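Everything below concerns the one structure shown next.
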4 protein chains.
Amino acid sequence: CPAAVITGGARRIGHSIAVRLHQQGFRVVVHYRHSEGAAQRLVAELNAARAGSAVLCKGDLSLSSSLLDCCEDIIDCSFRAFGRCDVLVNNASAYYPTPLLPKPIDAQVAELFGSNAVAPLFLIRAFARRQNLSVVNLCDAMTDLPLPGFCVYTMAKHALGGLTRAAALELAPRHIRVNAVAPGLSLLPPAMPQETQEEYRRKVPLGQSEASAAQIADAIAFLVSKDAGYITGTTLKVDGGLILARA
Amino acid sequence: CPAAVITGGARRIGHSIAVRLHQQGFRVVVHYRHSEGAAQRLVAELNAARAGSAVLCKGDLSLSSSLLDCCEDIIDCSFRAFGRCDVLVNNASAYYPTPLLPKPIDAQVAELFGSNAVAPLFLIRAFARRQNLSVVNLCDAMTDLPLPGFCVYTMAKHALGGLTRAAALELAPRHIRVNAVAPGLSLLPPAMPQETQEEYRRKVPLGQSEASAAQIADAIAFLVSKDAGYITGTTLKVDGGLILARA
Amino acid sequence: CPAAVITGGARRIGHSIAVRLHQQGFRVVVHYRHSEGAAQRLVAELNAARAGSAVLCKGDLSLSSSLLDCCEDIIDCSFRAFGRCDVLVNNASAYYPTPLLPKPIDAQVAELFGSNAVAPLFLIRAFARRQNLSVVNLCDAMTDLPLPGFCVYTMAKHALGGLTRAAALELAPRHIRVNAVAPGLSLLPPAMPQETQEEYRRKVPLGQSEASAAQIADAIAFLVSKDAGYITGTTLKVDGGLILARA
Amino acid sequence: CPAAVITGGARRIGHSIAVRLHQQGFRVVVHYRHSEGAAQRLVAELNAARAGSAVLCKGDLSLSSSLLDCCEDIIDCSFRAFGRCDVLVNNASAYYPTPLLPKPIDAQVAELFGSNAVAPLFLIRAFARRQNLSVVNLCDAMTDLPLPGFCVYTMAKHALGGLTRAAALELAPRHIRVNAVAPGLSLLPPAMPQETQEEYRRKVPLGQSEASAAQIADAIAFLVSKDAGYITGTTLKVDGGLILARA
Ligand SMILES: NC(=O)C1=CN([C@@H]2O[C@H](COP(=O)(O)OP(=O)(O)OC[C@H]3O[C@@H](n4cnc5c(N)ncnc54)[C@H](OP(=O)(O)O)[C@@H]3O)[C@@H](O)[C@H]2O)C=CC1
Ligand SMILES: NC(=O)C1=CN([C@@H]2O[C@H](COP(=O)(O)OP(=O)(O)OC[C@H]3O[C@@H](n4cnc5c(N)ncnc54)[C@H](OP(=O)(O)O)[C@@H]3O)[C@@H](O)[C@H]2O)C=CC1
Ligand SMILES: NC(=O)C1=CN([C@@H]2O[C@H](COP(=O)(O)OP(=O)(O)OC[C@H]3O[C@@H](n4cnc5c(N)ncnc54)[C@H](OP(=O)(O)O)[C@@H]3O)[C@@H](O)[C@H]2O)C=CC1
Ligand SMILES: NC(=O)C1=CN([C@@H]2O[C@H](COP(=O)(O)OP(=O)(O)OC[C@H]3O[C@@H](n4cnc5c(N)ncnc54)[C@H](OP(=O)(O)O)[C@@H]3O)[C@@H](O)[C@H]2O)C=CC1
Ligand SMILES: CN(Cc1cnc2nc(N)nc(N)c2n1)c1ccc(C(=O)N[C@@H](CCC(=O)O)C(=O)O)cc1
Ligand SMILES: CN(Cc1cnc2nc(N)nc(N)c2n1)c1ccc(C(=O)N[C@@H](CCC(=O)O)C(=O)O)cc1
Ligand SMILES: CN(Cc1cnc2nc(N)nc(N)c2n1)c1ccc(C(=O)N[C@@H](CCC(=O)O)C(=O)O)cc1
Ligand SMILES: CN(Cc1cnc2nc(N)nc(N)c2n1)c1ccc(C(=O)N[C@@H](CCC(=O)O)C(=O)O)cc1
């Protein structure tokens with residue numbers, strides 16, 4: 001049985017990824033930072049389906065003196081619990097505005113660049129050094145049309161895109177595939193008022209609806225499968241045509 | 001049972017795609033131009049497995065006065081035979097050099113632009129007007145790094161990518177998804193000497209091997225499946241990292 | 001004194017380019033199809049400032065059995081009149097909708113693909129075989145966000161983008177540079193009502209104004225200058241941040 | 001008279017840029033880190049040409065508790081010395097390998113990301129808050145074909161690209177243009193043995209030669225000039241077609 005590590009796999013999309021992989025024979029490591037309770041409910045639920053098929057792992061992925069070691073332990077966790085790690089899904093991501101013109105800015109680049117870019121880099125490094133192996137990074141189809149006010153987040157995601165291709169090429173000799181899935185509009189913020197959410201959905205050309213977590217899980221499932229054995233360094237966009245819409 | 005049209009489906013990649021879709025309940029129309037024998041052997045072979053599950057259709061897709069009528073009939077064939085058409089795979093493609101510096105150039109653009117770009121347009125146009133509907137175009141991942149001497153072929157493939165995105169947006173309201181699969185190095189020319197073939201394969205970062213028709217068919221099968229129901233206007237690269245390699 | 005061919009150079013952007021290059025010592029060949037009067041006035045106005053520094057040349061760039069010969073004569077015209085041709089600006093371009101769902105379609109593809117892609121190809125080809133040489137193609141920055149209903153036009157421009165990169169690479173050894181300028185929103189349709197025009201200008205991030213013909217011509221002048229002597233195969237976007245705006 | 005800040009402007013490309021801008025009537029703030037000698041010879045040399053036209057400024061741009069204030073002072077330096085800052089050229093850049101498979105990695109990500117992305121972000125942020133204003137970031141045309149072993153540098157530059165577009169959109173209302181120039185093969189490492197250097201030059205399609213520093217300054221001078229008044233959010237590639245070369 002192959003093992004997979006899902007960062008931020010406690011809720012939403014990450015939760016759907018952890019479940020999907022598990023439904024396919026994967027033993028999963030569910031990482032989280034604060035959604036400890038949601039994490040436990042998922043792990044328990046998975047082990048109830050298959051004893052010893054799911055473990056928990058807590059860790060902050062922000063830039064810090066402890067980030068490099070934290071990433072080392074998160075991967076080490078897969079080996080301690082399952083003796084192996086075949087799949088890494090970089091789903092954990094900090095997301096909020098940081099307007100150029102008027103929490104500290106320094107602390108923002110630390111949390112935004114850490115979770116969306118640097119942690120993934122440290123995780124892949126650790127994953128590759130301890131070795132159907134594949135990595136799947138979660139990108140954002142919309143970063144090409146920068147969301148006003150999310151400057152730092154945009155840079156972070158662009159950097160992650162550079163990591164997907166840079167890693168893809170260096171790990172090819174090691175037979176490790178590195179790809180990405182780029183959602184456009186998926187699960188909306190839970191606090192966001194319905195009328196606002198409805199103004200967002202109406203923008204999606206294909207069905208005027210956001211992508212469900214399961215549809216995103218589907219794409220990831222395809223990329224980790226043997227049906228994508230020749231695919232590496234590619235980004236799979238899942239945005240219902242949203243990026244194609246003219247302003 | 002859904003029906004699928006596959007242009008240039010008698011041999012190589014088209015053949016593999018036709019077999020893959022058929023194994024999934026699809027009633028396929030095999031289109032061909034010169035490979036009449038191969039087409040008959042494929043249809044017979046397919047019907048043998050399920051009576052009335054395959055039909056044949058001949059037609060040149062080069063630019064001409066007849067192209068528009070020809071593409072209408074090719075789609076009409078699916079309806080006459082199965083009363084429906086749910087999937088269209090634009091696979092047919094002419095491919096040969098057209099060096100800028102020293103068969104008539106006019107006739108070359110007629111054949112290269114017709115099969116790679118204009119017929120697909122007319123086919124999509126007919127497919128949409130006669131309506132899990134989806135179209136899949138066979139692109140080329142290496143066209144961003146122009147193969148010297150294949151200028152016209154390259155322009156055609158770029159037009160095709162343009163069609164993939166324009167059609168995806170115009171057809172979203174009609175619930176028809178339009179995507180593309182972009183091979184990098186797949187089935188090599190049968191007449192190319194083995195040593196030259198070996199020099200080409202050695203360039204592939206992931207395994208130093210070309211993609212098998214089945215690995216290309218896998219990606220395609222994924223894009224027509226319900227697991228891609230939210231995917232439209234995207235190009236799935238299947239090149240084992242080739243496009244990432246620095247000269 | 002160097003010579004420059006500007007296709008569709010009788011009015012609008014083409015007109016502005018002919019004047020800029022002329023004010024720089026260039027001897028221009030003003031090509032046109034229907035704008036015979038405008039071409040005569042422009043040529044006279046330029047010869048007035050410098051005798052024998054401008055010539056006229058009529059020719060349809062739609063797909064045809066004559067296209068190839070026409071393109072040969074258009075380049076030959078510059079040699080007949082100036083004994084040389086250093087710069088080719090592919091500005092001529094047909095533009096109008098071709099909706100997938102309901103003038104013959106065949107005639108529309110002949111004109112859109114002819115002027116936007118095939119002619120430029122034959123022109124570049126002729127330009128090269130008869131040789132600071134450089135070619136500048138007029139692309140469209142907004143084609144990445146397909147304008148609903150302009151499907152054929154969009155494909156043509158993508159083909160033109162492919163030609164820019166393919167020609168640049170093939171012609172590097174011949175010391176001929178090949179670049180492109182991609183306007184976003186520039187000279188609006190003269191018949192478009194003011195309010196509609198005002199709605200379009202509002203969409204531009206940088207100044208809520210469209211690009212003036214002179215600003216497009218400035219970019220063109222730079223790429224043909226020696227200050228761009230190491231620049232080939234690149235596309236210079238001049239859209240005032242329009243392509244960055246989210247829908 | 002306008003003032004321009006040039007990071008890493010003591011030698012090579014940065015030096016060429018400072019001179020060019022100075023030759024156009026610009027008052028320049030020459031920033032450096034260790035090239036203290038070259039910085040002083042450049043500034044005196046420029047002050048000899050025009051008294052009080054050039055000032056010096058030393059600083060490190062790696063991630064740190066002090067980075068934010070260091071960037072603030074570098075911009076402030078322009079106002080103290082000239083009471084204004086119109087142009088900002090982000091040239092400074094750390095460059096070296098960081099192989100995924102076997103100086104600390106944490107330290108490397110701090111210097112590579114700080115100088116190539118984060119510092120630029122704080123400079124732009126400082127430059128905008130204190131306000132023909134434009135920013136020019138130095139990118140890398142080859143980052144799309146990741147150089148094996150430069151994983152971190154590649155991510156840093158990708159992030160720089162996201163910043164160029166993010167900033168360009170957010171600062172359009174403030175009338176500040178943000179663009180980028182992306183060299184391919186320019187000045188080789190001074191310690192690199194000639195034969196290696198020759199092997200690198202041979203790969204350049206246009207002339208088989210690297211871009212001189214002047215050719216790069218030309219592109220930058222153009223983007224800062226009024227001849228690019230409508231250009232923002234764009235990346236100008238200057239690689240002699242190197243990026244088009246198929247491996
Ligand atoms: N949803 C959408 O519409 C879109 C999503 N995406 C991308 O898809 C992925 C999943 O998105 P979505 O489910 O909405 O994400 P969320 O923002 O809901 O969750 C991200 C998860 O990662 C965790 N996390 C955030 N910051 C850190 C940190 N510094 N260290 C460790 N963990 C952290 C969260 O905390 P905790 O574990 O405490 O709960 C959370 O569970 C992301 O990478 C996102 O960028 C892209 C486009 C659209
Ligand atoms: N093979 C590779 O390495 C790569 C392939 N691709 C793309 O994948 C797709 C499949 O490739 P591959 O199987 O090698 O293709 P082939 O070139 O082998 O076959 C194309 C097929 O389409 C048919 N065809 C060609 N011209 C015309 C025309 N004018 N009118 C009608 N039919 C025509 C052929 O004729 P007939 O039916 O008479 O035999 C042929 O069977 C193509 O779109 C190709 O561009 C992209 C990158 C790499
Ligand atoms: N204006 C804008 O807002 C934008 C323009 N662009 C691009 O910039 C370039 C210049 O644009 P613009 O000035 O508006 O273009 P126009 O559409 O006004 O003019 C194109 C010119 O080329 C000629 N032409 C059109 N079809 C043919 C043909 N089949 N054969 C010969 N000549 C033909 C015209 O005919 P005739 O000589 O008979 O008058 C016309 O003078 C174009 O390539 C356009 O695609 C891109 C984005 C935006
Ligand atoms: N040269 C080429 O072939 C290519 C260059 N480029 C890009 O063009 C730009 C200029 O390139 P090039 O002149 O070769 O660059 P160099 O690497 O020669 O110089 C970068 C400059 O910035 C300074 N610097 C380096 N690290 C730091 C740091 N951590 N903090 C502050 N300053 C630092 C240097 O130190 P000091 O002041 O001590 O001398 C140096 O003056 C760069 O952004 C580069 O990425 C892109 C492709 C190719
Ligand atoms: C598509 N998306 C949903 C969403 C949900 N969680 C995520 N989580 C992460 N990590 N990354 C994402 N891209 C992400 N995206 C979006 C896009 C824009 C805005 C946005 O404009 N937000 C404003 C609020 C807008 C309003 O309600 O008026 C803000 O101030 O944050 C919110 C969610
Ligand atoms: C990846 N590919 C295989 C291949 C085979 N059939 C195809 N068929 C079509 N429709 N489209 C393709 N892209 C295609 N590609 C290639 C790539 C380069 C050359 C090439 O350079 N060909 C030289 C021959 C090179 C040699 O053997 O010396 C030629 O003149 O045709 C051939 C096939
Ligand atoms: C940016 N642009 C200006 C412009 C004018 N002449 C050109 N000429 C050429 N050859 N190419 C262009 N891209 C071009 N574009 C545009 C963009 C959209 C529409 C457009 O949607 N037109 C509708 C009319 C919109 C309306 O007024 O309601 C049409 O049906 O033609 C027109 C001009
Ligand atoms: C194009 N380029 C020149 C060069 C010089 N200084 C720079 N400085 C910065 N800031 N950024 C750059 N991109 C840059 N590029 C390159 C590209 C690759 C290698 C490279 O492969 N370097 C090997 C040496 C290769 C060898 O000689 O064997 C190394 O280990 O450093 C060197 C220079």
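Identifiers in this document derive from the order of the structure tokens: chains are assigned A, B, ..., residues are numbered from 1 separately in each chain, and ligands are numbered from 1 in order of occurrence.
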Requested in this report: Write out as a PyMOL selection string each polymer residue (protein, DNA or RNA) that has an atom no more than 6 Å from ligand 2, with only C-alpha atoms and all ligand atoms counted.
Outcome: chain B and resi 8+10-14+32-35+59-62+91-95+111+115+138-140+183-188
Writer output for current selection, N, CA and C atoms, as a PDB file, in the first residue's frame:
ATOM      1  N   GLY B   8      -8.652  10.659 -38.568  1.00  0.00           N
ATOM      2  CA  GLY B   8      -7.368   9.991 -38.696  1.00  0.00           C
ATOM      3  C   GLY B   8      -7.234   8.841 -37.714  1.00  0.00           C
ATOM      4  N   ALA B  10      -7.526   5.492 -38.162  1.00  0.00           N
ATOM      5  CA  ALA B  10      -7.201   4.152 -38.617  1.00  0.00           C
ATOM      6  C   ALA B  10      -5.869   3.634 -38.081  1.00  0.00           C
ATOM      7  N   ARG B  11      -4.910   4.528 -37.831  1.00  0.00           N
ATOM      8  CA  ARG B  11      -3.602   4.079 -37.355  1.00  0.00           C
ATOM      9  C   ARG B  11      -2.981   4.907 -36.243  1.00  0.00           C
ATOM     10  N   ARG B  12      -1.845   4.419 -35.751  1.00  0.00           N
ATOM     11  CA  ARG B  12      -1.055   5.079 -34.733  1.00  0.00           C
ATOM     12  C   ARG B  12      -1.827   5.629 -33.537  1.00  0.00           C
ATOM     13  N   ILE B  13      -1.677   6.914 -33.249  1.00  0.00           N
ATOM     14  CA  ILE B  13      -2.360   7.500 -32.105  1.00  0.00           C
ATOM     15  C   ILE B  13      -3.883   7.508 -32.246  1.00  0.00           C
ATOM     16  N   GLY B  14      -4.387   7.842 -33.436  1.00  0.00           N
ATOM     17  CA  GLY B  14      -5.829   7.863 -33.657  1.00  0.00           C
ATOM     18  C   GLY B  14      -6.430   6.494 -33.368  1.00  0.00           C
ATOM     19  N   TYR B  32     -10.804   8.324 -41.996  1.00  0.00           N
ATOM     20  CA  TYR B  32      -9.498   8.093 -42.603  1.00  0.00           C
ATOM     21  C   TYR B  32      -9.481   8.761 -43.968  1.00  0.00           C
ATOM     22  N   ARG B  33      -8.305   8.858 -44.581  1.00  0.00           N
ATOM     23  CA  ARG B  33      -8.196   9.455 -45.910  1.00  0.00           C
ATOM     24  C   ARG B  33      -7.585   8.430 -46.872  1.00  0.00           C
ATOM     25  N   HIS B  34      -6.378   7.962 -46.556  1.00  0.00           N
ATOM     26  CA  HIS B  34      -5.673   6.985 -47.377  1.00  0.00           C
ATOM     27  C   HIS B  34      -5.587   5.604 -46.767  1.00  0.00           C
ATOM     28  N   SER B  35      -5.667   5.522 -45.444  1.00  0.00           N
ATOM     29  CA  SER B  35      -5.548   4.240 -44.763  1.00  0.00           C
ATOM     30  C   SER B  35      -6.843   3.462 -44.714  1.00  0.00           C
ATOM     31  N   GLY B  59     -12.498  10.888 -46.043  1.00  0.00           N
ATOM     32  CA  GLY B  59     -12.572  12.296 -46.370  1.00  0.00           C
ATOM     33  C   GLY B  59     -11.264  13.044 -46.239  1.00  0.00           C
ATOM     34  N   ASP B  60     -10.926  13.813 -47.265  1.00  0.00           N
ATOM     35  CA  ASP B  60      -9.711  14.612 -47.263  1.00  0.00           C
ATOM     36  C   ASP B  60     -10.034  15.901 -46.492  1.00  0.00           C
ATOM     37  N   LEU B  61      -9.163  16.304 -45.567  1.00  0.00           N
ATOM     38  CA  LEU B  61      -9.418  17.506 -44.776  1.00  0.00           C
ATOM     39  C   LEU B  61      -8.578  18.727 -45.157  1.00  0.00           C
ATOM     40  N   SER B  62      -8.061  18.738 -46.383  1.00  0.00           N
ATOM     41  CA  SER B  62      -7.260  19.864 -46.864  1.00  0.00           C
ATOM     42  C   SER B  62      -8.175  21.025 -47.248  1.00  0.00           C
ATOM     43  N   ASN B  91      -7.865  14.533 -34.432  1.00  0.00           N
ATOM     44  CA  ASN B  91      -6.569  13.896 -34.426  1.00  0.00           C
ATOM     45  C   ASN B  91      -5.842  14.021 -35.765  1.00  0.00           C
ATOM     46  N   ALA B  92      -6.581  13.923 -36.876  1.00  0.00           N
ATOM     47  CA  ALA B  92      -5.994  13.998 -38.218  1.00  0.00           C
ATOM     48  C   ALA B  92      -5.039  15.163 -38.347  1.00  0.00           C
ATOM     49  N   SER B  93      -3.888  14.914 -38.961  1.00  0.00           N
ATOM     50  CA  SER B  93      -2.891  15.964 -39.078  1.00  0.00           C
ATOM     51  C   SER B  93      -1.797  15.688 -40.104  1.00  0.00           C
ATOM     52  N   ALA B  94      -1.556  16.645 -40.993  1.00  0.00           N
ATOM     53  CA  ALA B  94      -0.498  16.509 -41.987  1.00  0.00           C
ATOM     54  C   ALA B  94       0.753  17.021 -41.271  1.00  0.00           C
ATOM     55  N   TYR B  95       1.918  16.477 -41.610  1.00  0.00           N
ATOM     56  CA  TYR B  95       3.158  16.881 -40.949  1.00  0.00           C
ATOM     57  C   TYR B  95       4.391  16.653 -41.811  1.00  0.00           C
ATOM     58  N   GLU B 111      -2.979  21.739 -47.306  1.00  0.00           N
ATOM     59  CA  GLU B 111      -3.037  20.503 -46.545  1.00  0.00           C
ATOM     60  C   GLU B 111      -2.668  20.601 -45.067  1.00  0.00           C
ATOM     61  N   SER B 115      -6.039  20.245 -42.392  1.00  0.00           N
ATOM     62  CA  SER B 115      -6.117  19.146 -41.428  1.00  0.00           C
ATOM     63  C   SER B 115      -5.854  19.522 -39.967  1.00  0.00           C
ATOM     64  N   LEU B 138      -5.872  17.476 -30.824  1.00  0.00           N
ATOM     65  CA  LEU B 138      -4.515  17.004 -30.639  1.00  0.00           C
ATOM     66  C   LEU B 138      -3.579  18.150 -30.997  1.00  0.00           C
ATOM     67  N   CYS B 139      -2.942  18.717 -29.982  1.00  0.00           N
ATOM     68  CA  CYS B 139      -2.010  19.808 -30.186  1.00  0.00           C
ATOM     69  C   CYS B 139      -0.610  19.216 -30.205  1.00  0.00           C
ATOM     70  N   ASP B 140       0.389  20.081 -30.054  1.00  0.00           N
ATOM     71  CA  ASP B 140       1.795  19.687 -30.055  1.00  0.00           C
ATOM     72  C   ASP B 140       2.532  20.531 -29.005  1.00  0.00           C
ATOM     73  N   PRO B 183       0.925  16.153 -27.090  1.00  0.00           N
ATOM     74  CA  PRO B 183       2.034  15.209 -26.966  1.00  0.00           C
ATOM     75  C   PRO B 183       3.336  15.962 -27.208  1.00  0.00           C
ATOM     76  N   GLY B 184       4.443  15.400 -26.728  1.00  0.00           N
ATOM     77  CA  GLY B 184       5.747  16.011 -26.944  1.00  0.00           C
ATOM     78  C   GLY B 184       6.455  15.141 -27.982  1.00  0.00           C
ATOM     79  N   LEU B 185       6.951  13.986 -27.569  1.00  0.00           N
ATOM     80  CA  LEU B 185       7.582  13.065 -28.494  1.00  0.00           C
ATOM     81  C   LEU B 185       6.822  11.775 -28.339  1.00  0.00           C
ATOM     82  N   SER B 186       6.031  11.407 -29.336  1.00  0.00           N
ATOM     83  CA  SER B 186       5.285  10.157 -29.254  1.00  0.00           C
ATOM     84  C   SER B 186       5.736   9.227 -30.383  1.00  0.00           C
ATOM     85  N   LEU B 187       4.814   8.520 -31.032  1.00  0.00           N
ATOM     86  CA  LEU B 187       5.169   7.593 -32.104  1.00  0.00           C
ATOM     87  C   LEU B 187       6.033   8.223 -33.214  1.00  0.00           C
ATOM     88  N   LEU B 188       7.264   7.732 -33.313  1.00  0.00           N
ATOM     89  CA  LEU B 188       8.220   8.232 -34.295  1.00  0.00           C
ATOM     90  C   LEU B 188       7.883   7.728 -35.677  1.00  0.00           C
TER      91      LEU B 188
END
Query raised in the report: Tell me, which residues of stretch 113-218 of chain A carry DSSP strand (DSSP E or B), written as a PyMOL selection string?
Result: chain A and resi 133-138+176-183
Requested in this report: Would you kindly report the residues of chain B within 10 Å of chain C, using only C-alpha atoms, as a ChimeraX atom specification?
Outcome: /B:63-68,99-102,105-107,109-110,113,117-118,121-122,124-126,128-130,143-171,174
Query raised in the report: Residues of stretch 100-156 of chain C in alpha helix (DSSP H) according to DSSP, as a list in words?
Result: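 Taking stretch 100-156 of chain C and keeping alpha helix (DSSP H) only, one gets residues 105, 106, 107, 108, 109, 110, 111, 112, 113, 119, 120, 121, 122, 123, 124, 125, 126, 127, 128, 129, 151, 152, 153, 154, 155 and 156 of chain C.
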Next, the residues of the selection above should be written as a CSV table (one decimal), in the first residue's frame with N, CA, C and O atoms.
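Result written to again-v5.csv:
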chain,number,residue,atom,x,y,z
C,105,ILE,N,-19.0,31.4,-45.0
C,105,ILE,CA,-18.0,31.1,-44.0
C,105,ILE,C,-16.6,30.9,-44.7
C,105,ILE,O,-15.6,31.4,-44.3
C,106,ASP,N,-16.7,30.2,-45.8
C,106,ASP,CA,-15.5,29.9,-46.6
C,106,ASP,C,-14.8,31.2,-47.1
C,106,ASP,O,-13.6,31.3,-47.1
C,107,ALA,N,-15.6,32.2,-47.5
C,107,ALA,CA,-15.0,33.5,-47.9
C,107,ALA,C,-14.5,34.2,-46.7
C,107,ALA,O,-13.5,35.0,-46.8
C,108,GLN,N,-15.1,34.0,-45.5
C,108,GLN,CA,-14.6,34.7,-44.3
C,108,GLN,C,-13.3,34.1,-43.9
C,108,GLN,O,-12.4,34.9,-43.5
C,109,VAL,N,-13.1,32.8,-43.9
C,109,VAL,CA,-11.9,32.2,-43.5
C,109,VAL,C,-10.8,32.6,-44.5
C,109,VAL,O,-9.6,32.7,-44.1
C,110,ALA,N,-11.1,32.7,-45.8
C,110,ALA,CA,-10.1,33.1,-46.8
C,110,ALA,C,-9.6,34.4,-46.5
C,110,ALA,O,-8.4,34.7,-46.7
C,111,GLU,N,-10.5,35.4,-46.2
C,111,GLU,CA,-10.0,36.7,-45.9
C,111,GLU,C,-9.4,36.9,-44.6
C,111,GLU,O,-8.4,37.7,-44.5
C,112,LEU,N,-9.9,36.3,-43.5
C,112,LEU,CA,-9.3,36.5,-42.2
C,112,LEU,C,-8.0,35.7,-42.1
C,112,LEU,O,-7.0,36.3,-41.6
C,113,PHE,N,-7.9,34.5,-42.6
C,113,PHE,CA,-6.6,33.7,-42.6
C,113,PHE,C,-5.6,34.2,-43.6
C,113,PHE,O,-4.4,34.1,-43.4
C,119,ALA,N,-0.8,35.5,-45.8
C,119,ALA,CA,-0.1,36.5,-46.6
C,119,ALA,C,1.2,36.8,-45.9
C,119,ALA,O,2.3,36.8,-46.5
C,120,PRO,N,1.2,37.2,-44.6
C,120,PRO,CA,2.4,37.5,-43.8
C,120,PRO,C,3.5,36.4,-44.1
C,120,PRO,O,4.6,36.7,-44.3
C,121,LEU,N,3.1,35.2,-44.0
C,121,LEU,CA,4.0,34.1,-44.3
C,121,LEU,C,4.6,34.1,-45.7
C,121,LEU,O,5.8,34.1,-45.8
C,122,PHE,N,3.8,34.3,-46.7
C,122,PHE,CA,4.3,34.4,-48.1
C,122,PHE,C,5.2,35.7,-48.2
C,122,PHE,O,6.2,35.7,-48.9
C,123,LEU,N,4.8,36.7,-47.5
C,123,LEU,CA,5.5,38.0,-47.6
C,123,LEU,C,6.9,37.8,-46.9
C,123,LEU,O,7.9,38.2,-47.5
C,124,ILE,N,6.9,37.2,-45.7
C,124,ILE,CA,8.2,37.0,-45.0
C,124,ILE,C,9.1,36.1,-45.9
C,124,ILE,O,10.2,36.4,-46.1
C,125,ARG,N,8.5,35.0,-46.4
C,125,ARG,CA,9.2,34.1,-47.3
C,125,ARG,C,9.8,34.9,-48.4
C,125,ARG,O,11.0,34.7,-48.7
C,126,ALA,N,9.0,35.7,-49.2
C,126,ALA,CA,9.6,36.4,-50.3
C,126,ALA,C,10.6,37.4,-49.9
C,126,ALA,O,11.6,37.6,-50.5
C,127,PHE,N,10.4,38.1,-48.7
C,127,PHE,CA,11.3,39.1,-48.2
C,127,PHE,C,12.7,38.4,-47.9
C,127,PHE,O,13.7,39.0,-48.3
C,128,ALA,N,12.7,37.3,-47.3
C,128,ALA,CA,13.9,36.6,-47.0
C,128,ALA,C,14.7,36.1,-48.3
C,128,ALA,O,15.9,36.3,-48.4
C,129,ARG,N,14.0,35.4,-49.2
C,129,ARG,CA,14.7,34.9,-50.4
C,129,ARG,C,15.3,35.9,-51.3
C,129,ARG,O,16.1,35.6,-52.1
C,151,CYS,N,-14.0,33.9,-33.5
C,151,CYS,CA,-13.3,32.6,-33.5
C,151,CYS,C,-12.3,32.5,-34.6
C,151,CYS,O,-11.1,32.1,-34.4
C,152,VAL,N,-12.7,32.7,-35.9
C,152,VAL,CA,-11.8,32.6,-37.0
C,152,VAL,C,-10.6,33.6,-36.9
C,152,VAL,O,-9.4,33.3,-37.1
C,153,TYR,N,-11.0,34.8,-36.6
C,153,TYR,CA,-10.0,35.9,-36.4
C,153,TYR,C,-9.0,35.6,-35.4
C,153,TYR,O,-7.8,35.8,-35.6
C,154,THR,N,-9.5,35.0,-34.3
C,154,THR,CA,-8.6,34.6,-33.2
C,154,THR,C,-7.6,33.6,-33.6
C,154,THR,O,-6.4,33.7,-33.3
C,155,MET,N,-8.1,32.5,-34.3
C,155,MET,CA,-7.2,31.5,-34.7
C,155,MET,C,-6.1,32.1,-35.6
C,155,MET,O,-4.9,31.8,-35.5
C,156,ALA,N,-6.5,33.0,-36.5
C,156,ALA,CA,-5.6,33.6,-37.5
C,156,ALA,C,-4.4,34.3,-36.7
C,156,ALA,O,-3.3,34.2,-37.1
Report task. Find the distance between atom CA of residue A:208 and atom CA of residue B:21 and write it in Å to one decimal. Result -> 29.1 Å
Query raised in the report: Which is closer to residue A:2 than all the others in A:47, A:16, A:196, A:225, using only C-alpha atoms?
Result: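 With only C-alpha atoms as the atom set, the closest residue is A:225.
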Query - Atom-to-atom span, atom CA of residue A:15 and atom CA of residue A:142, Å - result: 22.2 Å
Query - Separation of atom CA of residue D:81 from atom 12 (P, counted along the ligand's line) of ligand 4, in Å and rounded to one decimal - result: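 Interatomic distance, atom CA of residue D:81 to atom 12 (P, counted along the ligand's line) of ligand 4: 26.2 Å.
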